[PDB]
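Some notes on the structure that comes next.
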Amino acid sequence: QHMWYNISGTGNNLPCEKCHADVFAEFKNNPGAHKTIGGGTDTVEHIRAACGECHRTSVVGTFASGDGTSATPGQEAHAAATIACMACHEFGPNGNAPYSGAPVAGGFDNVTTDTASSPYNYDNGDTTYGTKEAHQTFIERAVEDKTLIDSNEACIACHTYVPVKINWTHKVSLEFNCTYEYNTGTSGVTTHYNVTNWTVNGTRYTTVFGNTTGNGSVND
Amino acid sequence: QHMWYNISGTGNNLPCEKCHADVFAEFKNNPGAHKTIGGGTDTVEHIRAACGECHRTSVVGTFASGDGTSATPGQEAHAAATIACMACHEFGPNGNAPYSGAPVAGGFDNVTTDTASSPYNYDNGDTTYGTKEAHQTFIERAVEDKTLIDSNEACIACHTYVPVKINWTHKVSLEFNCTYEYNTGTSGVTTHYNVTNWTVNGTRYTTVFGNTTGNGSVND
Amino acid sequence: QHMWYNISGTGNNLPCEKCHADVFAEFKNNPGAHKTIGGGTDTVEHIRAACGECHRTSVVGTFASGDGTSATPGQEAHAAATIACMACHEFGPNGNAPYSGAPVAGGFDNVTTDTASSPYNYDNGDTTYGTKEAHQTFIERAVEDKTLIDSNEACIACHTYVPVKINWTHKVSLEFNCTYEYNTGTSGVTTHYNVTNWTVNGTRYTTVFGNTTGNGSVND
Amino acid sequence: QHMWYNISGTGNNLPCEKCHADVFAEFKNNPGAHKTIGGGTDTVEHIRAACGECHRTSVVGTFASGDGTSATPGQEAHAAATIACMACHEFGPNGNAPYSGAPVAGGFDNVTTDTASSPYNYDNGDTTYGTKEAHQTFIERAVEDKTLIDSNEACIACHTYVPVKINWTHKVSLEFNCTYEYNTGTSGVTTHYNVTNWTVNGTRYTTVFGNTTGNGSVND
Amino acid sequence: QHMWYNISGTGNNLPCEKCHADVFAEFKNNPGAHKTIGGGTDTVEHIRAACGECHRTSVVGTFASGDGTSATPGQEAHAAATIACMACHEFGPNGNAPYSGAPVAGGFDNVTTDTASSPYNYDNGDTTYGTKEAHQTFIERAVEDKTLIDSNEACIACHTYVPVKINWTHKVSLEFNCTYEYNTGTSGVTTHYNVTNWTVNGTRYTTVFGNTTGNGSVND
Ligand code: HEC
Ligand code: HEC
Ligand code: HEC
Ligand code: HEC
Ligand code: HEC
Ligand code: HEC
Ligand code: HEC
Ligand code: HEC
Ligand code: HEC
Ligand code: HEC
Ligand code: HEC
Ligand code: HEC
Ligand code: HEC
Ligand code: HEC
């Protein structure tokens, strides 16, 4: 309680690992896109730099930093701040990208619901163009419900090692009938028909559990 | 939430099956035309490649893809997009086919109704030639009513394992009468007659349910 | 919606019965000429082959067909086309018959009305010979009025299980008078007479209903 | 017991080390920010001046001091007073800093709990601005529980050579289901869905011990 | 035994040194605050006057004194009385100081234990003000245990040339755990946590010896 660390270095200086070893163990064995976000995986310092570059990046304003000789006061967060999966992957070369080299991600219409919305510009400029994302509403519902910060509830589902159990629904039957064009009777059949209506009958449920490695096992 | 997947591979990389196992189970037991659309059925990777090739094909523009080293931003859809049954089966050797090897399908007059229509060129060039499809209007009514995307409501009915219940109609009786050519009376009958009019009488209904295997059972 | 049928077989492959069971039930109990047009009646596959051979025959051009390995694009009709009762029964050994074994049917003068006509060659070559068909005009009036395709409105009337109600007409009386050959008077009668004119008087109607089995009941 | 020390010097005069040698040994080997808070580390007098400047600074009022010729009576503490880690690092150039050169530290919302609070002004003026500190509540809980004076229980945890053992918690599984938009059945799937609810299942524990040098070893 | 001393002088007259030479030798080499309490150090008479002024001051009542011509009977002590370190340093200008020029010392809350207490008024009037003395209880425990008169056991420890050996104690480890706010699972981590409890583990000892000159040597 009298020999506090030296923070004279650049970037993150104190060890984030004094209380966060489990996340370190998880991240050291990551084959994902960001193995080299910190410039390496073999050394502990590279992983610490990666954590600094992700959880202390240029999000809103300068974080808290210093080098013994001087210290820059923290503006909106001292140690670290949780950031959305997308705040880095929002704009690339078209606008002012957060990281030079970061690829602008996806392409969806801007999530503007009746209750909540997101400040990030989804359309990336091609507002009339990018609209045919089938999943789409998966992101919208995640944005609507505040479970993870901003839009991570759905974005983390299918890129990460996160097991998920979901309840699928699909009705047993959907069917339809058929009418004639003003003529029918003792003729076997009219020359032409017409079809209208599409009715429904009987309901089915489905549940599936997915493991960490992505294998899909259904408990049908 | 710190060990996201590797997408360095070509084509679809992450497992689509983390949330879609039931469709995998359905498709693995498919004896239909597209058992080998993904190059195989025995391995899971082949089925994943098939799903990529169908739901992420060249429809409008490049989908979202990457390999860790670089990433191509998605243009109109990030993960996958629902596509009509016909968007692949629309043109073959005559025009620019979507798949080299895909057979141009069917042959109908272009669906141009009073309200809606389809951009796909049905006639395949032989506009004056292909017209005598009896079913025809079945496709037109499916196009008119937006239940499935574009023209799948009817196209999926008779090629797939989709049970259907329809209400058939045919009137009980259609009949007609007979006139003479200016001569008749106490002669038994004139040398020649003429027949006109075709009238109707009494109505009949019919309903039929079809199972998955195509067996036709009618509840007459 | 992911396990569509296999069409690798020859001829019709998918089951036509997924939506047409009532016609199957009607045709299975047919004692008519075409019980064995499909090579059998006991098996469902034989009936399906019969439907293919009738509604998908060589009429104008190749229909749509395939076997998984390859697919032949449909030329003028994809699934099936309505065909006239006669298009098969038009020419036999004299010309190019549609079916080897099909018997050329009937024999009438070519229907060439003032408004419409038929491309099928009725006379079968013996143009000066086949002319004394009493019914004849029954076919002509059916051709004139587009109720069934081409010339089926009359052709289906007396060969099929189709109940018909018609209004017969015949005048009550047709009679005539008588003149002498320049001589008459107080002689009782002349040696010879002459007869001219044939007049008419009073009108009668008649209506008859015929059941499926051909029994003739008249509501006189 | 008759030759008491001379305190004629400025600042701290008597040796604090007559009973506090272990803390001296600990502080002499400090590579942290405050090696030169006393103007040196090599001489004992510099370390004594550092202890005076830290534990006898201008906190509330003048401490006890004298020079033989005169003595200033102690106001609220004679020898030394324990001071919070932050009482020096609370305000810099904006307000009246305690040390000219001391950097204002961190940036958090003012800790105003339902039970206790702190008089130090955390927001530093930018009340609406500094709010996105992820750790935040770590400081609040330390303030709530009186284990160290004011807000040192958490502030000393990650800057100092203080080994810590904590029990991490994270539940085994969190998952969710899925509903259709009024349409489903024998259609394979509806054009669009909706997703609601996020459920939980099974619990996991985690414990980690951290050494003096900051190495993170987890006993998973 | 017939030529007893002359005490006609003022103050102390007989030589205190006839039996107390060692204390004289100790005090002659004193660089502390009271070199000139007797008005000098060079002459023996000045040191004798200092001893008189300290051990024969106005404490409770007049001591024993005389000048041959007259003698004042001793009231509570004839030769000298042991006095507490503080009885002179208790009140200055606020109350009735013992010496005009004596500085009121320190500032602590009044020592009022469950068993013993002191009549001297510690708070000096600022009862609500002077409370933040960290050492504080060091004086209280000295007052509780009668080893030196009143409150000298601790007061003599850190101002005088008195070597001390003390046994320090501090436990090896004190640590804590962490809980979530109603949400956790397959989400990597919840948006926010909570921390409770502070546990202990393993014990450490420490002993230190301090010499006359104040150098701190620890036998760790
Ligand atoms: C008492 C509550 C605290 C005070 C006073 C300060 N901190 Fe911290 N701190 C933390 C990190 C991760 C850094 C990196 C900064 C760098 O690399 O220079 C810092 C830095 C500082 C600094 C210098 C930089 C600046 O002034 O902005 C000061 C003066 C400072 N800290 C004061 C992390 C943490 C932390 C982890 C949860 C806690 C509890 C504290 N800091 C507490 C205090
Ligand atoms: C937060 C909402 C998300 C961000 C940011 C990104 N995604 Fe995805 N994603 C998905 C698939 C099926 C792929 C295949 C691409 C490939 O094979 O390379 C991807 C890929 C990416 C990429 C790299 C490729 C590119 O930039 O176009 C990035 C940068 C990316 N994704 C960012 C699928 C999904 C998905 C399933 C429903 C979700 C929720 C997300 N992606 C979310 C995000
Ligand atoms: C979406 C509107 C459709 C597409 C695309 C295709 N069909 Fe069909 N189909 C039907 C039958 C009775 C057959 C028999 C052909 C055979 O036995 O091989 C077929 C066949 C095909 C084929 C392969 C043969 C070919 O290309 O000509 C393709 C590529 C094909 N179909 C594409 C019947 C029906 C049907 C019943 C009313 C409908 C709605 C569709 N087909 C729809 C589509
Ligand atoms: C008997 C209980 C005590 C009396 C009477 C005094 N002290 Fe102390 N003391 C201590 C320190 C660290 C200082 C520094 C002051 C300086 O540098 O001038 C002092 C100083 C004094 C002074 C002069 C200054 C003043 O009057 O404020 C006086 C008159 C004085 N002290 C009287 C520390 C300690 C200590 C360490 C735990 C103890 C037990 C005492 N002092 C006890 C007494
Ligand atoms: C022990 C003193 C820690 C050190 C060293 C670091 N962190 Fe931490 N962190 C700690 C706790 C007890 C918690 C949970 C408490 C809470 O109120 O949530 C956290 C949490 C985080 C988070 C997420 C915050 C949240 O989800 O609520 C992040 C992003 C985080 N910590 C980052 C982080 C970094 C980058 C560190 C190195 C500078 C670091 N932490 C060190 C305790 C401790
Ligand atoms: C007044 C007696 C202080 C107390 C109590 C604490 N700090 Fe300090 N700090 C003070 C000054 C005047 C300065 C700037 C001059 C200097 O020599 O640094 C600082 C600076 C720091 C820094 C900056 C270096 C860096 O962050 O890398 C840090 C980290 C720092 N102080 C930490 C710190 C901690 C953890 C404290 C409580 C145990 C603490 N300081 C108390 C003055 C004072
Ligand atoms: C869980 C994180 C999923 C993963 C992994 C994949 N998909 Fe998905 N998909 C998911 C949901 C919850 C839904 C329905 C939600 C909705 O708004 O509709 C879907 C739906 C589809 C669809 C059809 C869209 C529709 O009919 O509305 C398609 C074509 C689809 N998904 C494709 C697809 C592919 C190719 C995947 C591998 C890259 C894949 N999905 C993964 C959830 C999840
Ligand atoms: C800023 C700190 C980022 C955050 C937050 C996320 N990503 Fe990232 N990403 C970033 C950069 C600078 C790059 C390009 C450089 C590189 O080393 O890749 C990327 C790249 C990706 C990729 C590309 C590889 C691939 O797609 O196969 C993917 C898939 C990716 N990022 C995913 C991803 C996810 C799921 C994130 C939220 C958990 C995420 N990134 C956050 C910068 C940043
Ligand atoms: C349900 C998906 C069907 C399947 C399987 C088959 N047919 Fe069909 N047919 C269907 C409907 C809804 C209609 C009437 C709609 C209309 O627009 O007329 C028909 C009609 C026919 C006809 C006559 C057309 C007419 O008179 O207008 C024929 C000759 C016909 N169908 C043939 C046929 C064959 C051979 C099939 C097996 C390949 C077959 N149909 C399957 C619906 C469905
Ligand atoms: C592009 C992703 C396609 C989609 C969408 C559909 N089909 Fe397909 N089809 C495609 C190719 C490249 C081929 C030829 C190569 C092969 O392996 O077959 C086909 C072929 C068929 C066939 C031929 C076999 C047969 O008819 O017996 C059929 C019947 C067929 N396809 C049917 C079909 C249906 C019903 C579709 C919508 C659900 C459909 N295809 C979509 C490429 C693509
Ligand atoms: C081609 C698909 C045909 C259609 C359309 C019709 N007929 Fe047919 N018919 C065809 C063949 C190849 C044969 C000879 C082989 C055989 O199994 O009969 C026939 C035969 C007849 C007969 C002969 C038996 C008899 O007259 O007693 C009759 C009566 C007959 N066909 C009637 C008929 C009718 C009424 C049709 C329209 C509803 C019709 N045929 C169509 C081939 C084809
Ligand atoms: C022996 C006579 C000591 C001298 C010389 C100094 N200190 Fe001390 N200190 C001593 C003891 C026996 C204790 C613990 C007793 C208690 O009641 O706590 C302390 C404690 C402190 C503390 C912390 C108080 C606490 O945490 O309770 C501080 C800040 C402190 N001491 C400072 C200090 C300084 C600056 C000194 C030089 C003037 C000094 N001490 C000398 C015993 C002795
Ligand atoms: C009355 C006989 C006293 C006794 C008993 C003690 N002190 Fe004293 N002290 C007294 C006076 C009149 C003065 C001021 C005049 C002077 O010459 O100093 C003092 C002063 C001090 C000082 C001030 C110098 C400094 O603190 O640096 C100190 C430190 C001091 N006194 C200490 C001290 C101690 C430790 C005593 C008990 C052993 C003690 N004094 C007793 C009068 C009297
Ligand atoms: C020999 C005849 C002495 C003369 C001359 C002085 N003192 Fe003394 N003193 C003497 C003895 C044998 C003792 C200890 C005996 C005992 O019962 O304690 C003392 C003790 C003191 C003390 C402290 C008393 C104690 O701690 O118990 C004091 C304060 C003291 N003496 C003062 C003192 C003064 C001021 C003298 C000059 C007038 C003086 N003493 C002379 C023996 C002798």
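Labels used: A, B, ... for chains in the order of the structure tokens, numbers from 1 for residues in each chain, and numbers from 1 for ligands as shown.
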
**At most 10 Å to chain C: residues in chain D, only C-alpha atoms, as a VMD selection string** = chain D and resid 186 to 189

**Message:** At a cut-off of 7 Å around ligand 2, and using only C-alpha atoms and all ligand atoms, what residues come up? Please write them as a PyMOL selection string.
**Reply:** (chain A and resi 85-86+89+103-106+135+139+151-152+154-159) or (chain B and resi 7+10-14+64-67+71-74+78-80)

Please dump the current selection as a CSV table (one decimal), in the first residue's frame; keep N, CA, C and O atoms.
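Written output follows (selection-v3.csv):
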chain,number,residue,atom,x,y,z
A,85,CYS,N,-20.4,-3.5,-30.1
A,85,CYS,CA,-19.7,-4.2,-31.1
A,85,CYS,C,-19.5,-3.4,-32.4
A,85,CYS,O,-18.5,-3.7,-33.1
A,86,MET,N,-20.4,-2.4,-32.6
A,86,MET,CA,-20.4,-1.7,-33.9
A,86,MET,C,-19.7,-0.4,-33.9
A,86,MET,O,-19.3,0.1,-34.9
A,89,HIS,N,-17.0,-0.7,-35.9
A,89,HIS,CA,-17.4,-1.1,-37.3
A,89,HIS,C,-18.7,-0.4,-37.7
A,89,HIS,O,-19.7,-1.0,-37.9
A,103,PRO,N,-12.8,-2.4,-41.3
A,103,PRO,CA,-13.7,-2.5,-42.4
A,103,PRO,C,-15.1,-2.2,-42.0
A,103,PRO,O,-15.6,-2.7,-41.0
A,104,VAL,N,-15.8,-1.3,-42.7
A,104,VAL,CA,-17.1,-0.9,-42.5
A,104,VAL,C,-18.0,-2.2,-42.6
A,104,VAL,O,-17.8,-3.0,-43.6
A,105,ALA,N,-18.9,-2.4,-41.7
A,105,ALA,CA,-19.5,-3.7,-41.5
A,105,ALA,C,-21.0,-3.8,-42.0
A,105,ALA,O,-21.8,-2.9,-41.7
A,106,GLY,N,-21.3,-4.8,-42.7
A,106,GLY,CA,-22.7,-5.2,-42.9
A,106,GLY,C,-23.4,-4.4,-44.0
A,106,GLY,O,-23.1,-4.6,-45.2
A,135,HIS,N,-32.2,-11.1,-42.1
A,135,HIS,CA,-32.2,-11.1,-40.7
A,135,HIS,C,-32.6,-9.8,-40.1
A,135,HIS,O,-33.4,-9.8,-39.1
A,139,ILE,N,-31.6,-7.5,-35.5
A,139,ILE,CA,-30.8,-6.4,-34.9
A,139,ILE,C,-31.8,-5.4,-34.3
A,139,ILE,O,-31.5,-4.8,-33.2
A,151,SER,N,-26.3,-2.2,-29.6
A,151,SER,CA,-26.8,-3.2,-30.5
A,151,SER,C,-25.9,-4.5,-30.5
A,151,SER,O,-25.5,-5.0,-31.6
A,152,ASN,N,-25.6,-5.0,-29.3
A,152,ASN,CA,-24.7,-6.2,-29.2
A,152,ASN,C,-25.5,-7.4,-29.0
A,152,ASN,O,-24.9,-8.5,-29.2
A,154,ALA,N,-27.9,-9.0,-30.5
A,154,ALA,CA,-27.9,-9.8,-31.7
A,154,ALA,C,-26.6,-9.9,-32.4
A,154,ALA,O,-26.3,-11.0,-32.9
A,155,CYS,N,-25.8,-8.9,-32.4
A,155,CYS,CA,-24.5,-8.9,-33.1
A,155,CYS,C,-23.5,-9.9,-32.5
A,155,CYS,O,-22.7,-10.5,-33.2
A,156,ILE,N,-23.6,-10.2,-31.2
A,156,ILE,CA,-22.8,-11.1,-30.5
A,156,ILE,C,-23.3,-12.6,-30.7
A,156,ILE,O,-22.5,-13.5,-30.4
A,157,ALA,N,-24.5,-12.8,-31.2
A,157,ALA,CA,-25.1,-14.1,-31.2
A,157,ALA,C,-24.4,-15.0,-32.2
A,157,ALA,O,-24.1,-16.2,-31.8
A,158,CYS,N,-24.2,-14.6,-33.4
A,158,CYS,CA,-23.8,-15.5,-34.5
A,158,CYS,C,-22.3,-15.3,-34.9
A,158,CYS,O,-21.9,-16.0,-35.8
A,159,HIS,N,-21.6,-14.3,-34.3
A,159,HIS,CA,-20.2,-14.3,-34.5
A,159,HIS,C,-19.3,-14.8,-33.4
A,159,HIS,O,-18.1,-15.2,-33.7
B,7,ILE,N,-13.3,-16.3,-39.7
B,7,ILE,CA,-13.9,-16.3,-41.0
B,7,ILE,C,-12.9,-16.2,-42.2
B,7,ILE,O,-13.2,-15.8,-43.3
B,10,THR,N,-13.0,-19.3,-47.5
B,10,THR,CA,-13.7,-18.8,-48.6
B,10,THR,C,-15.2,-19.1,-48.5
B,10,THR,O,-15.6,-20.1,-47.8
B,11,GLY,N,-16.0,-18.3,-49.1
B,11,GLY,CA,-17.5,-18.5,-49.0
B,11,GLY,C,-18.0,-18.3,-47.6
B,11,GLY,O,-17.4,-17.5,-46.8
B,12,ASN,N,-19.1,-19.0,-47.3
B,12,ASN,CA,-19.6,-18.9,-45.9
B,12,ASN,C,-18.6,-19.6,-45.0
B,12,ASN,O,-18.1,-20.7,-45.2
B,13,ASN,N,-18.3,-18.9,-43.8
B,13,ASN,CA,-17.3,-19.3,-42.9
B,13,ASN,C,-17.9,-19.7,-41.6
B,13,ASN,O,-17.6,-20.8,-41.1
B,14,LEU,N,-18.6,-18.8,-40.9
B,14,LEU,CA,-19.2,-19.0,-39.7
B,14,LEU,C,-20.3,-20.1,-39.9
B,14,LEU,O,-20.8,-20.2,-41.0
B,64,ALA,N,-21.9,-9.7,-48.0
B,64,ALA,CA,-20.8,-9.4,-47.1
B,64,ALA,C,-19.9,-10.6,-47.0
B,64,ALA,O,-20.4,-11.7,-46.7
B,65,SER,N,-18.6,-10.4,-47.1
B,65,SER,CA,-17.6,-11.5,-47.0
B,65,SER,C,-16.3,-10.9,-46.5
B,65,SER,O,-16.0,-9.7,-46.6
B,66,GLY,N,-15.4,-11.8,-46.0
B,66,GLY,CA,-14.1,-11.4,-45.5
B,66,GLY,C,-13.3,-12.6,-45.2
B,66,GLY,O,-13.8,-13.7,-45.2
B,67,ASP,N,-12.0,-12.4,-45.0
B,67,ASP,CA,-11.1,-13.5,-44.6
B,67,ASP,C,-10.1,-13.1,-43.5
B,67,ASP,O,-9.0,-13.6,-43.6
B,71,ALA,N,-11.9,-7.5,-45.6
B,71,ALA,CA,-13.3,-7.7,-45.6
B,71,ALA,C,-14.0,-6.9,-46.6
B,71,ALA,O,-13.7,-5.7,-46.7
B,72,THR,N,-14.9,-7.5,-47.4
B,72,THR,CA,-15.6,-6.7,-48.3
B,72,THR,C,-17.0,-6.3,-47.7
B,72,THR,O,-17.7,-7.1,-47.3
B,73,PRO,N,-17.2,-5.0,-47.7
B,73,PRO,CA,-18.5,-4.5,-47.0
B,73,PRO,C,-19.7,-5.0,-47.8
B,73,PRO,O,-19.7,-5.1,-49.0
B,74,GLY,N,-20.7,-5.4,-47.0
B,74,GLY,CA,-22.0,-5.8,-47.6
B,74,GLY,C,-22.7,-4.7,-48.3
B,74,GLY,O,-22.7,-3.5,-47.9
B,78,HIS,N,-26.2,-8.3,-45.3
B,78,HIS,CA,-25.0,-8.7,-44.6
B,78,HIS,C,-24.9,-10.2,-44.5
B,78,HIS,O,-24.0,-10.8,-45.0
B,79,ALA,N,-25.9,-10.8,-43.9
B,79,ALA,CA,-25.8,-12.3,-43.6
B,79,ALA,C,-26.4,-13.1,-44.7
B,79,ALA,O,-25.7,-13.9,-45.3
B,80,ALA,N,-27.7,-12.9,-45.0
B,80,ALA,CA,-28.4,-13.7,-46.0
B,80,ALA,C,-29.6,-13.0,-46.4
B,80,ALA,O,-30.1,-12.1,-45.7

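Interatomic distance, atom 25 (C, counted along the ligand's line) of ligand 8 to atom CA of residue B:87: 28.5 Å.
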
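Take the candidates B:178, B:134, B:23, B:164 and check each one against residue C:76 using only C-alpha atoms; the shortest distance goes to B:134.
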
Residues near residue B:127, anyone? I mean within 8 Å using only C-alpha atoms, not counting same-chain ones fewer than 4 positions away, as a PDB file with N, CA and C atoms, in the first residue's frame.
ATOM      1  N   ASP B 109     -46.106 -17.031 -70.375  1.00  0.00           N
ATOM      2  CA  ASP B 109     -46.185 -15.629 -70.746  1.00  0.00           C
ATOM      3  C   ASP B 109     -45.857 -14.760 -69.537  1.00  0.00           C
ATOM      4  N   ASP B 123     -41.082 -15.273 -70.753  1.00  0.00           N
ATOM      5  CA  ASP B 123     -41.208 -15.835 -72.094  1.00  0.00           C
ATOM      6  C   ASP B 123     -39.902 -16.410 -72.620  1.00  0.00           C
ATOM      7  N   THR B 131     -47.289 -20.220 -74.645  1.00  0.00           N
ATOM      8  CA  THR B 131     -48.525 -19.640 -74.135  1.00  0.00           C
ATOM      9  C   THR B 131     -49.543 -20.650 -73.633  1.00  0.00           C
TER      10      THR B 131
END

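Interatomic distance, atom 5 (C, counted along the ligand's line) of ligand 1 against atom CA of residue D:88: 7.5 Å.
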
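Relative to atom CA of residue D:148, atom 1 (C, counted along the ligand's line) of ligand 6 is found at 16.9 Å.
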
**Spatial neighbours of residue A:128, max dist 12 Å, only C-alpha atoms, sep filter under 6 positions, as a ChimeraX atom specification** = /A:107-110,122 /B:75-76

Emit the selected residues as a PDB file, in the first residue's frame, including N, CA and C atoms.
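File written: out-v1.pdb
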ATOM      1  N   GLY A 107     -24.275  -3.522 -43.528  1.00  0.00           N
ATOM      2  CA  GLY A 107     -25.166  -2.813 -44.419  1.00  0.00           C
ATOM      3  C   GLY A 107     -26.616  -3.144 -44.140  1.00  0.00           C
ATOM      4  N   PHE A 108     -27.289  -2.250 -43.424  1.00  0.00           N
ATOM      5  CA  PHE A 108     -28.699  -2.397 -43.102  1.00  0.00           C
ATOM      6  C   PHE A 108     -29.340  -1.023 -43.173  1.00  0.00           C
ATOM      7  N   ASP A 109     -30.666  -1.005 -43.238  1.00  0.00           N
ATOM      8  CA  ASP A 109     -31.372   0.255 -43.078  1.00  0.00           C
ATOM      9  C   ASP A 109     -31.247   0.733 -41.636  1.00  0.00           C
ATOM     10  N   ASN A 110     -31.255   2.053 -41.462  1.00  0.00           N
ATOM     11  CA  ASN A 110     -31.118   2.630 -40.131  1.00  0.00           C
ATOM     12  C   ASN A 110     -32.240   2.142 -39.224  1.00  0.00           C
ATOM     13  N   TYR A 122     -26.406   3.285 -40.161  1.00  0.00           N
ATOM     14  CA  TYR A 122     -26.362   1.939 -40.722  1.00  0.00           C
ATOM     15  C   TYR A 122     -26.189   1.948 -42.235  1.00  0.00           C
TER      16      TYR A 122
ATOM     17  N   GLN B  75     -23.248  -4.994 -49.486  1.00  0.00           N
ATOM     18  CA  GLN B  75     -23.852  -3.963 -50.320  1.00  0.00           C
ATOM     19  C   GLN B  75     -25.344  -3.805 -50.029  1.00  0.00           C
ATOM     20  N   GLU B  76     -26.102  -4.897 -50.113  1.00  0.00           N
ATOM     21  CA  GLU B  76     -27.536  -4.845 -49.868  1.00  0.00           C
ATOM     22  C   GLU B  76     -28.014  -5.841 -48.821  1.00  0.00           C
TER      23      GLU B  76
END

**Message:** Which residues are near ligand 9 in this structure, taking near to mean any atom at most 6 Å from a ligand atom and counting only C-alpha atoms and all ligand atoms? Format them as a list in words.
**Reply:**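 I would give the residues around ligand 9 as residues 190, 191, 192, 193 and 194 of chain A; 134, 135, 137, 138, 157 and 158 of chain B; 15, 16, 17, 18, 19, 51, 52, 55, 79, 80, 81 and 82 of chain C.
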